[PDB]
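Okay, here we've got a single chain as structure tokens, the form deposited without this ligand, with questions on binding and movement later.
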């Protein structure tokens, strides 16, 4: 529901300064480090805010579907928000780093933090601080709570998992050289499982689970199961909406495949190929040549990926509705649905 979804939406956003005061307020006037904490504010404000928040929001919603009448005090509700901005600072720490290693230019419609003159390679250390900001906020909100260690272990573990998916990516599709040898489906599914799925789906729900006390191992596994198919499919749909999409498109409906970006479409091409066609690609693909690009998509339409998407889309839903069944024994399905109802949109 708009009315509700929005309300939650706005309560989240409106909480940012708070996290901001948290992180810096007392640091701001320190006779020693005050200068540092002062640039920290800037980094925080430049980078953290401004995305969609779906990720952090997912926590709040989840706790709301999980908590009982008992646990809806205002305090509890603030931790949910706090714990929410945590995934939000986590992701920002990512993006910053990631922009340097991709030598990107823009993000969130801003110029990449590293590109800001005077900054540069210092952003290397800023993503580090953004990272520890995450643990500062938990110590501040969750320190005396039965689930503190779990959250700490939760965040840390996913940090690792995602860094490997990042690592995988970085090896597979090196941003200064084409080579489509390494573009396998297992590898794509694997780049996707670790670089975003874990922190984008599982993490948010897993945090609300432990916060209501569901620490059952095999309950984190029922969760991990459904959620990870969601996340995979989510990646895939982005990839699709990336080139074959437009109508109402989530702001910037621009692109990239000039940056030899290993995507499901690409992988799906390589399977419906001919050595010749492969060569069509092999050469061109990963190019910032207007004409070349166009041809590349001729290729995709040439092979009809437009169809395959709808083919895949039509399966993911199904598998989901089951996986819910196989996995929503103990936890409220409303969660997975809600989550799902805003993922599956489809756009062709």
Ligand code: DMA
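Positions refer to the first chain, counted from 1.
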Higher avg CA temperature factor (161 to 169 vs 252 to 260, as deposited) belongs to 252 to 260
Mean CA B-factor: is it higher for 272 to 280 or for 133 to 141? 272 to 280
Going by the CA temperature factor in the entry, name the top one among 226, 178, 79, 119. 178
Between 56, 34, 49, 70, which carries the biggest CA temperature factor in the record? 70
Chain thirds of CA B-factor: placement of residue 247: highest
Taking the values exactly as deposited, rank residue 65 by C-alpha B-factor within its chain and report the matching third: lowest, middle or highest. lowest
Entry-reported Cα temperature factor of residue 98, expressed as the chain third it lands in: lowest
How does the C-alpha B factor of residue 186 compare with the rest of the chain: lowest, middle or highest third? highest
What third of the chain does residue 84 rank in for C-alpha temperature factor, lowest, middle or highest? lowest
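The same protein also has a form deposited with this ligand bound, omitted here; what follows describes it.
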Does the trio 98, 107 and 166 actually contact this ligand in the deposited bound form, every residue with a heavy atom within 4.5 Å? yes
If you check 210, 199, 114, 183 against this ligand in the deposited bound form, which one has a heavy atom within 4.5 Å? 199
Contact residue in the deposited bound form, from 179, 215, 153, 102 (heavy atom within 4.5 Å of this ligand): 102
Pick the stretch from 201 to 209, 90 to 98, 76 to 84, 221 to 229 whose residues have a heavy atom within 4.5 Å of this ligand in the deposited bound form. 90 to 98
